[PDB]
Amino acid sequence: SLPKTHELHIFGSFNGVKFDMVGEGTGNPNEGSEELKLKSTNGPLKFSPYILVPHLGXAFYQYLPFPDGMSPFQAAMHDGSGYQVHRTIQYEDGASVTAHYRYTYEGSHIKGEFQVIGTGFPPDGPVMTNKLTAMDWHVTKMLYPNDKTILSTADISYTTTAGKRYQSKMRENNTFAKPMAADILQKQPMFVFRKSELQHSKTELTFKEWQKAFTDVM
Amino acid sequence: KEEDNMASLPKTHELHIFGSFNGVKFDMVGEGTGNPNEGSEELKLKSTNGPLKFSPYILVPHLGXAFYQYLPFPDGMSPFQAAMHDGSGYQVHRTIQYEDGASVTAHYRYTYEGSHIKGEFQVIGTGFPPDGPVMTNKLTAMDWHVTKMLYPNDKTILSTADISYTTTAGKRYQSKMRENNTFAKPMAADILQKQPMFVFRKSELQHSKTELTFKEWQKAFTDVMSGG
Amino acid sequence: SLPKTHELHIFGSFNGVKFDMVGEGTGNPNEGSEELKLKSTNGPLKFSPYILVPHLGXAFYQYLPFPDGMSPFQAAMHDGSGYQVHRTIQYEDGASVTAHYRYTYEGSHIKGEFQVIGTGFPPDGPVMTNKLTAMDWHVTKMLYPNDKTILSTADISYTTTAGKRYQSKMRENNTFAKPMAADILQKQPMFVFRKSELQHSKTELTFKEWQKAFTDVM
Amino acid sequence: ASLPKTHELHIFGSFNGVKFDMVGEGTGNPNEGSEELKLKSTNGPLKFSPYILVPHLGXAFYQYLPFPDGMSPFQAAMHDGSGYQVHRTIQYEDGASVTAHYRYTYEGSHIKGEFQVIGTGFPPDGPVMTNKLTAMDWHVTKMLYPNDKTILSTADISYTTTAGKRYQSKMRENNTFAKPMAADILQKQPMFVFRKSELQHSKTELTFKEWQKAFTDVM
């Protein structure tokens, strides 16, 4: 059956200090946005919640359709074989994040685990002092270097209270236990347009992702 | 008024593109036309100094990027078009970093008289491995690509692009462009309010050793359309 | 108390397939000429054990002195405040590894946990087809962007069976719960010369690292 | 056939578009790999950090660098007349990059270097263009020989700044020789070079000094 609901556990550390959040959502019946609510299990977050946005967004691959048919993410969910996501992000001020996502799927329920580790954020920078205000709309580019691996890249920027954007470069591999279907492999690059909205308090967050795959705009 | 301004933009151009790859000079010239309302252009080039030692695909980002005068924005003239219209002008500088450690520095300038542009593109590449796909002519096509544009101040557009090529071996060759466009006069406030701006680009190249024919289609967009 | 004994649990996945190894050994904090014997708790590794070597080597930071006294690593082991290692490695053929090390220290015995995730290794490349033959000697460069953070970088190359080399770029943060002594922060950059040897079977591996800190050679 | 006593250098090109030029001269000791250069801008004072030129003053004269067991391949190729070319790219933490091409001709113990250096993408507000670089950290070059005519080198280069943060860069270089290097050279890989670079300056002139020492080990 198609996925209905999801839970997400997102956890790890930033500048050596642990964080952990759990939440969940119900999948969107009608192709607009996907949504998730989270709560901290270990006190208020000591870094900008906006830093989690690419992980929150990216945790919705099971809902992302492709233009002509099922995405590989949907196809691998449906057959049981699965995928994992591994990614690095480099920040313009020298900071680094690494992350890994795995999930299980039983009934119509997805349980995701996203480990997120960040280091080297300057203590007076926009992440550790909570100066990010939003993440810019962005494009993922996807290429298929082999039949079980998607290489995805994204240039991701955030607005700040200083009116200077904060920029980063994401590279990710999505690894499939079984080969992707021949027809998926014929349309490259594949792009994804993403709009990410976050509402936040110190301890809780509400998140929405609009995500749409395209091979063309003309 | 809007239509008059678009109508007055130039429709012909010539390009002189030159420099060197791995320390060996090259130089090509030619011309073509373009359509500034539609985001489309054509260019034909010939070497003025013998066959190219390197894949002509390595020049494609520079060939596409020479024609900002042909890029309209969704709501009206792009800043490039506006700066040509009011005679104030802009310049283009960029670097590309390649997956195998090679690097390209490039600079474009132009002179604009009547309805004609004369463009000058200096392209300097180094560190291309002698056995790699550029020095051995193994690039077969450039994948459609997206440019992301930001305006850190009212006289600067900073662009980034993830640019890839297919190779005869069937493995893509990947590159990252960073571009800075500097404007003499401030861009209009309405341009500046809509960031980031993306451009979708489709590039076709037919080449032989001595000449090439190039076409590019470009379309600016802030978002993709809903539905389908 | 000076440490004398260690164990290392080193685990994760390569191209999506899990691995897990444990081993132990001993060492000298007065030198840095250290050894470890490891065995898989699963079956045989499906990738080149040479790819583990920077992680094996780096797990001996507690045995590394500095020229004029204790390294920060040693100091934080002794006062008990500790440190964590987060690193990323990019490979010439596009593959990527992320890894995180933490440890607990009781008696004179170090217990290390090194999580290592690699993706995007071409299935015909030298890592997945076991063609790495040795790791070249190398230099780590260390900077201290702030008083709890070391940024290390290294250009690491391996020889292969085909008379060629296979190259990688490592970037790592070492994050300390307490600040590093001011004497340590005035001497930058600090370099570390490393010599790595591995003997390995399906059945196990034996690893040795020679590490020496230096500010200068002339 | 000779090793070097004297040299001169014409270093030119542009940063963020605008052309710079300088000519200069000095000396070294090819037995200890030390080298000293005085030069002056020839097109008016530098409009960016002179520290950004330092890898291209330091690395410029590999003919002064001995190897631990004898002549470096750079020394060797000077001596036997066959020569070599240097091509170098440097990538900066803030996305700027430089491309550089060094070419040499010799008369006896006298080197005349011609180096083209083109930098683009330096933020106008960053430490290169506003002259905030205060020193180049000492650094280690790594060299490998993927064939008997090529040295590929890499270096992680950092500078101190007046903001108190370091500004980092990565250099990659290809040294191409017209004749094969000696078998003993190719056998000791990687080779490292420790380099100390020092600048004292004015608006006419500046004084650059480089200590360079090849090493395969420290233990």
# chains A, B, ... in the order shown; residues from 1 in each chain; ligands from 1

call {"tool": "interface_residues", "arguments": {"of": "chain C", "to": "chain D", "cutoff": "8 Å", "atoms": "only C-alpha atoms", "output": "count of residues only"}}
result
15

call {"tool": "interface_residues", "arguments": {"of": "chain D", "to": "chain B", "cutoff": "9 Å", "atoms": "only C-alpha atoms", "output": "compact mmCIF listing (two decimals) with C-alpha atoms, in the first residue's frame"}}
result
# COMPACT_ATOMS: atom_id res chain seq x y z
CA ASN D 16 39.42 40.73 -10.42
CA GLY D 17 40.09 42.09 -13.88
CA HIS D 87 51.14 25.21 -14.42
CA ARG D 88 49.29 26.00 -11.23
CA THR D 89 45.70 26.50 -10.02
CA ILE D 90 44.79 27.76 -6.53
CA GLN D 91 41.22 27.63 -5.09
CA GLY D 95 35.45 30.80 -4.19
CA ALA D 96 38.13 32.91 -5.78
CA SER D 97 40.66 31.09 -7.94
CA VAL D 98 43.99 31.77 -9.63
CA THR D 99 45.53 30.19 -12.77
CA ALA D 100 49.30 30.54 -13.22
CA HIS D 101 51.89 29.60 -15.85
CA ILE D 118 45.22 35.60 -13.23
CA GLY D 119 42.98 35.80 -10.17
CA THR D 120 39.22 36.15 -10.39
CA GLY D 121 36.32 35.93 -8.02
CA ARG D 172 47.44 22.05 -7.35
CA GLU D 173 50.36 22.18 -9.71
CA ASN D 174 51.66 20.28 -12.81

call {"tool": "closest_residue", "arguments": {"among": "B:54, B:18, B:70, B:183", "to": "residue 135 (chain B)", "atoms": "only C-alpha atoms"}}
result
B:54

call {"tool": "residues_around", "arguments": {"residues": "residue 52 (chain D)", "least_positions_apart": "6", "cutoff": "10 Å", "atoms": "only C-alpha atoms", "output": "PDB file with N, CA, C and O atoms, in the first residue's frame"}}
result
ATOM      1  N   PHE D  15      44.195  40.651 -11.034  1.00  0.00           N
ATOM      2  CA  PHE D  15      43.235  40.258 -10.009  1.00  0.00           C
ATOM      3  C   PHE D  15      41.880  40.993 -10.168  1.00  0.00           C
ATOM      4  O   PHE D  15      41.880  42.209 -10.273  1.00  0.00           O
ATOM      5  N   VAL D  98      42.887  31.262  -8.817  1.00  0.00           N
ATOM      6  CA  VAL D  98      43.986  31.774  -9.626  1.00  0.00           C
ATOM      7  C   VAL D  98      44.476  30.667 -10.560  1.00  0.00           C
ATOM      8  O   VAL D  98      44.550  29.497 -10.134  1.00  0.00           O
ATOM      9  N   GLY D 119      43.861  36.013 -11.291  1.00  0.00           N
ATOM     10  CA  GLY D 119      42.982  35.805 -10.168  1.00  0.00           C
ATOM     11  C   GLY D 119      41.598  36.367 -10.481  1.00  0.00           C
ATOM     12  O   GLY D 119      41.478  37.445 -10.964  1.00  0.00           O
ATOM     13  N   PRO D 127      39.556  39.652   2.143  1.00  0.00           N
ATOM     14  CA  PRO D 127      40.835  40.132   2.687  1.00  0.00           C
ATOM     15  C   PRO D 127      41.899  40.315   1.652  1.00  0.00           C
ATOM     16  O   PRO D 127      42.891  40.977   1.923  1.00  0.00           O
ATOM     17  N   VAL D 128      41.714  39.789   0.450  1.00  0.00           N
ATOM     18  CA  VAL D 128      42.722  39.982  -0.599  1.00  0.00           C
ATOM     19  C   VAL D 128      42.579  41.364  -1.144  1.00  0.00           C
ATOM     20  O   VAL D 128      43.536  42.105  -1.287  1.00  0.00           O
ATOM     21  N   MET D 129      41.372  41.750  -1.478  1.00  0.00           N
ATOM     22  CA  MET D 129      41.225  42.995  -2.219  1.00  0.00           C
ATOM     23  C   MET D 129      41.280  44.212  -1.287  1.00  0.00           C
ATOM     24  O   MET D 129      41.536  45.323  -1.766  1.00  0.00           O
ATOM     25  N   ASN D 131      43.344  44.103   1.368  1.00  0.00           N
ATOM     26  CA  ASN D 131      44.645  44.108   1.973  1.00  0.00           C
ATOM     27  C   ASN D 131      44.691  43.728   3.449  1.00  0.00           C
ATOM     28  O   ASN D 131      45.465  44.314   4.211  1.00  0.00           O
ATOM     29  N   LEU D 133      45.483  40.558   4.612  1.00  0.00           N
ATOM     30  CA  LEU D 133      46.328  39.372   4.867  1.00  0.00           C
ATOM     31  C   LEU D 133      47.592  39.852   5.583  1.00  0.00           C
ATOM     32  O   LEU D 133      48.195  40.760   5.126  1.00  0.00           O
ATOM     33  N   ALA D 135      50.196  37.552   6.978  1.00  0.00           N
ATOM     34  CA  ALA D 135      51.307  36.577   6.938  1.00  0.00           C
ATOM     35  C   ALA D 135      50.809  35.326   6.203  1.00  0.00           C
ATOM     36  O   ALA D 135      49.584  35.058   6.243  1.00  0.00           O
ATOM     37  N   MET D 136      51.749  34.594   5.583  1.00  0.00           N
ATOM     38  CA  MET D 136      51.512  33.233   5.083  1.00  0.00           C
ATOM     39  C   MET D 136      52.022  32.188   6.087  1.00  0.00           C
ATOM     40  O   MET D 136      53.181  32.242   6.470  1.00  0.00           O
ATOM     41  N   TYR D 159      46.743  31.877   5.291  1.00  0.00           N
ATOM     42  CA  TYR D 159      47.280  33.192   5.652  1.00  0.00           C
ATOM     43  C   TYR D 159      46.593  33.679   6.920  1.00  0.00           C
ATOM     44  O   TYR D 159      45.480  33.322   7.174  1.00  0.00           O
TER      45      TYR D 159
END

call {"tool": "interface_residues", "arguments": {"of": "chain C", "to": "chain A", "cutoff": "8 Å", "atoms": "only C-alpha atoms", "output": "list in words"}}
result
residues 15, 16, 84, 86, 88, 98, 117, 119, 120, 146, 149, 151, 173, 175, 176 and 177 of chain C

call {"tool": "write_last_selection", "arguments": {"atoms": "N, CA and C atoms", "output": "short mmCIF file (atom, residue, chain, number, x, y, z; two decimals), in the first residue's frame"}}
result
data_model
loop_
_atom_site.label_atom_id
_atom_site.label_comp_id
_atom_site.auth_asym_id
_atom_site.auth_seq_id
_atom_site.Cartn_x
_atom_site.Cartn_y
_atom_site.Cartn_z
N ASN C 15 28.91 1.70 0.41
CA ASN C 15 27.95 1.55 -0.68
C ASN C 15 26.68 0.85 -0.21
N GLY C 16 26.29 1.14 0.98
CA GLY C 16 25.03 0.70 1.52
C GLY C 16 25.06 -0.60 2.29
N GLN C 84 35.83 14.84 20.37
CA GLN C 84 35.20 14.03 19.34
C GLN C 84 35.83 14.37 17.99
N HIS C 86 35.19 14.42 13.76
CA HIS C 86 34.23 14.38 12.69
C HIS C 86 34.98 14.68 11.42
N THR C 88 35.37 14.21 6.92
CA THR C 88 34.85 13.91 5.60
C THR C 88 36.04 13.61 4.70
N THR C 98 32.18 9.81 5.30
CA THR C 98 32.06 10.57 6.53
C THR C 98 32.31 9.64 7.71
N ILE C 117 31.03 5.89 7.18
CA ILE C 117 30.02 5.68 6.12
C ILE C 117 30.62 6.15 4.78
N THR C 119 30.11 6.13 0.49
CA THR C 119 29.16 5.94 -0.62
C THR C 119 29.75 6.41 -1.91
N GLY C 120 29.14 5.99 -3.02
CA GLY C 120 29.57 6.49 -4.34
C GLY C 120 30.92 5.87 -4.85
N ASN C 146 39.25 27.99 16.71
CA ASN C 146 38.92 28.56 18.00
C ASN C 146 39.44 27.64 19.07
N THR C 149 38.37 23.91 18.98
CA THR C 149 38.26 23.29 17.64
C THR C 149 39.59 23.20 16.89
N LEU C 151 40.91 22.05 13.23
CA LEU C 151 40.65 21.78 11.79
C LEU C 151 41.92 21.14 11.22
N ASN C 173 37.24 17.98 11.85
CA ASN C 173 37.20 18.81 13.04
C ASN C 173 37.37 17.92 14.22
N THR C 175 36.61 18.32 18.14
CA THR C 175 35.89 19.25 18.94
C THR C 175 36.07 18.86 20.42
N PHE C 176 36.54 19.82 21.21
CA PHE C 176 36.83 19.60 22.66
C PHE C 176 35.80 20.20 23.59
N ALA C 177 35.39 19.42 24.59
CA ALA C 177 34.38 19.87 25.55
C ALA C 177 34.93 21.03 26.37
#

call {"tool": "decode", "arguments": {"residues": "region 186-211 of chain B", "atoms": "N, CA, C and O atoms", "output": "compact mmCIF listing (two decimals), in the first residue's frame"}}
result
# COMPACT_ATOMS: atom_id res chain seq x y z
N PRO B 186 23.34 50.85 -10.51
CA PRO B 186 22.42 49.99 -9.77
C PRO B 186 21.38 49.31 -10.62
O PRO B 186 20.88 49.89 -11.57
N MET B 187 21.07 48.04 -10.32
CA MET B 187 19.96 47.38 -10.97
C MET B 187 18.65 47.93 -10.37
O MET B 187 18.65 48.41 -9.26
N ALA B 188 17.57 47.80 -11.09
CA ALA B 188 16.24 48.29 -10.65
C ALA B 188 15.80 47.55 -9.46
O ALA B 188 16.08 46.35 -9.31
N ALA B 189 15.05 48.24 -8.63
CA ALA B 189 14.65 47.69 -7.36
C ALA B 189 13.74 46.51 -7.50
O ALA B 189 13.77 45.62 -6.66
N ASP B 190 12.94 46.45 -8.54
CA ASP B 190 12.06 45.31 -8.72
C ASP B 190 12.81 44.00 -9.05
O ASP B 190 12.41 42.95 -8.59
N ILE B 191 13.88 44.08 -9.83
CA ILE B 191 14.82 42.95 -10.04
C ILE B 191 15.33 42.44 -8.72
O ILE B 191 15.28 41.22 -8.42
N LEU B 192 15.80 43.35 -7.89
CA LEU B 192 16.46 42.98 -6.66
C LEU B 192 15.58 42.29 -5.66
O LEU B 192 16.08 41.62 -4.81
N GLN B 193 14.26 42.49 -5.76
CA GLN B 193 13.31 41.94 -4.81
C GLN B 193 13.03 40.44 -4.98
O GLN B 193 12.47 39.85 -4.08
N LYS B 194 13.41 39.86 -6.12
CA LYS B 194 13.05 38.51 -6.48
C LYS B 194 14.34 37.68 -6.63
O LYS B 194 14.96 37.64 -7.68
N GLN B 195 14.69 37.08 -5.52
CA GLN B 195 15.91 36.26 -5.39
C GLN B 195 15.55 34.96 -4.70
O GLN B 195 14.65 34.95 -3.90
N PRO B 196 16.24 33.86 -4.98
CA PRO B 196 17.12 33.72 -6.10
C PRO B 196 16.39 33.72 -7.48
O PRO B 196 15.16 33.43 -7.55
N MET B 197 17.12 34.02 -8.51
CA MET B 197 16.58 33.89 -9.90
C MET B 197 17.35 32.73 -10.52
O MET B 197 18.57 32.72 -10.48
N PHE B 198 16.63 31.81 -11.15
CA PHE B 198 17.25 30.72 -11.86
C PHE B 198 17.11 30.86 -13.35
O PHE B 198 16.27 31.66 -13.87
N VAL B 199 18.02 30.28 -14.07
CA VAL B 199 17.96 30.24 -15.54
C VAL B 199 18.12 28.78 -15.93
O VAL B 199 19.12 28.11 -15.51
N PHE B 200 17.20 28.26 -16.78
CA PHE B 200 17.32 26.97 -17.42
C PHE B 200 17.93 27.15 -18.79
O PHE B 200 17.49 28.06 -19.53
N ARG B 201 18.98 26.38 -19.10
CA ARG B 201 19.78 26.51 -20.31
C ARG B 201 19.93 25.15 -21.04
O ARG B 201 20.27 24.16 -20.43
N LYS B 202 19.64 25.17 -22.34
CA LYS B 202 19.86 24.04 -23.27
C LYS B 202 20.81 24.47 -24.33
O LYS B 202 20.61 25.52 -24.93
N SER B 203 21.89 23.71 -24.52
CA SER B 203 23.00 24.12 -25.32
C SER B 203 23.29 23.04 -26.37
O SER B 203 23.39 21.85 -26.03
N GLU B 204 23.39 23.41 -27.62
CA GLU B 204 23.72 22.41 -28.69
C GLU B 204 24.94 22.87 -29.43
O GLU B 204 25.07 24.04 -29.75
N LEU B 205 25.88 21.95 -29.65
CA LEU B 205 27.12 22.26 -30.26
C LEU B 205 27.33 21.24 -31.35
O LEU B 205 27.19 20.04 -31.05
N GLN B 206 27.64 21.71 -32.55
CA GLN B 206 28.22 20.86 -33.62
C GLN B 206 29.56 21.38 -33.91
O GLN B 206 29.69 22.54 -34.20
N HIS B 207 30.56 20.50 -33.85
CA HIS B 207 31.92 20.86 -34.02
C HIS B 207 32.66 19.86 -34.86
O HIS B 207 32.26 18.70 -35.00
N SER B 208 33.70 20.40 -35.46
CA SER B 208 34.75 19.69 -36.08
C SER B 208 35.97 20.35 -35.46
O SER B 208 35.86 21.14 -34.52
N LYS B 209 37.11 20.12 -36.07
CA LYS B 209 38.41 20.46 -35.48
C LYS B 209 38.72 21.97 -35.56
O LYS B 209 39.43 22.53 -34.71
N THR B 210 38.14 22.59 -36.59
CA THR B 210 38.42 23.95 -37.01
C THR B 210 37.21 24.89 -36.87
O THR B 210 37.40 26.08 -36.67
N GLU B 211 35.99 24.37 -37.02
CA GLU B 211 34.81 25.18 -36.79
C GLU B 211 33.73 24.51 -35.95
O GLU B 211 33.74 23.29 -35.67
